[PDB]
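Don't worry about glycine lacking a Cβ; one is built from the backbone with ideal geometry, like all the others, and counts go over all protein chains shown. Values in this text are rule-based calculations from the coordinates and carry no lab data.
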Amino acid sequence: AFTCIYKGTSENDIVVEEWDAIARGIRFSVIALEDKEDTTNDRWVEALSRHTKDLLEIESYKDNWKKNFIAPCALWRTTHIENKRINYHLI
Amino acid sequence: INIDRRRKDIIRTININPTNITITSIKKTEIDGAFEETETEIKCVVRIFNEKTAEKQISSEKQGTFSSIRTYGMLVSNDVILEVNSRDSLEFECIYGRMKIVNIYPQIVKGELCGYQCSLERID
């Protein structure tokens, strides 16, 4: 499966006289061709995706899109991680 | 060649298959760096004939579409002085798309005009 996304239209509305026709190019796109898993080893992302699915009753696709996303949907991903040894025993 | 011979030949050839034609002349006149067009209408007796086995071009674009062919010639007597330039045009309404006089060949004998061999462009 996949989910096309509307993006725009061709440069102009051309006219082709030799074929006796007029034409217009609609422009679509597809997302995340390579991804097929919809899984993560980020436990935090998994937890918040579960929370969003339970609270909101929609999909939650975790750390990156997949080509066949079902609109409406969410996506929880991590951007930045900061670890810190606050104490001898605590991190 | 004598002038009378050429005159007789031109008149005869036109009279084998003449067609009455309503030439319309649009002459562009330079006024303040732009053109003011004065339209005049003149009539002549004319014979039309094929001269070139040309191909019909087509020029469709966002301005519009028109197809023209270069095949037809023309042969007219001395009765009226003609001239075609960038700033001057001549057209007439043949039934099968209006014609347009592209280029004029003035047949002259001893510095005296006797008739115009002429070329056309049938604008569809």
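Put in line by how crowded their Cβ is, counting other Cβ atoms within 10 Å and starting with the fewest, B:122, B:5 read B:5, B:122.
Which of rounded, prolate, oblate describes chain A, given a ≥ b ≥ c as roots of the alpha-carbon gyration tensor eigenvalues and a/c under 1.5 marking rounded, otherwise prolate only if a/b is larger than b/c? In terms of gyration-tensor shape, prolate. Here segment A:1-77 carries DSSP beta bridges of which approximately 75% are antiparallel, counting only pairs with both residues inside. Suppose we keep just the DSSP beta bridges with both residues in the protein assembly as shown; what percent of those would be antiparallel, to 5? Counting only bridges with both partners in the protein assembly as shown, antiparallel ones make up about 95 percent. Return one number: the angle in degrees, 0 to 90 and rounded to the nearest 10, between the long axis of the Cα atoms of helix A:43-56 and the longest principal axis of the Cα atoms of chain A. It works out to around 70 degrees.
Can you tell me how chain B classifies by the Cα gyration tensor, rounded, prolate or oblate, using a/c under 1.5 as the rounded cut? It comes out oblate by the Cα gyration axes. Separation of segment B:45-124 from segment B:1-39 is 10 Å, based on Cα centroids. How would you classify the protein assembly as shown from its alpha-carbon gyration tensor, with a ≥ b ≥ c the square roots of the eigenvalues: rounded for a/c under 1.5, else prolate if a/b is greater than b/c, otherwise oblate? Verdict is prolate for the protein assembly as shown.
Note on chain B: helix-only mean residue ellipticity at 222 nm, from DSSP H runs of 4+ residues weighted -39500 (n - 2.57) and normalised by residue number, equals -3500 deg cm²/dmol.
In this calculation the C-beta distance from residue B:58 to residue B:2 is compared with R0 = 35 Å, giving a FRET efficiency of 0.15. Look at the alpha carbon pairs under 8 Å that are at least 6 residues apart: their mean separation over the length of segment B:5-63 gives a relative contact order of 33 percent. Rounded to the nearest 500, the helix-only mean residue ellipticity at 222 nm of chain A stands at -5000 deg cm²/dmol, with each DSSP H run of n ≥ 4 adding -39,500 (n - 2.57). Within 12 Å, Cβ to Cβ, of residue B:120, how many net charges do the neighbouring residues add up to if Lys/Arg are +1 and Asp/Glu are -1? Local net charge: +3. The residues B:75, B:113, when put in order of fewest to most other Cβ atoms within 10 Å, stand as B:113, B:75.
Angle check, please: helix B:3-16 long axis (alpha carbons) against the longest principal axis of chain B (alpha carbons), in degrees 0 to 90, nearest 10. Tilt relative to chain B: about 60 degrees.
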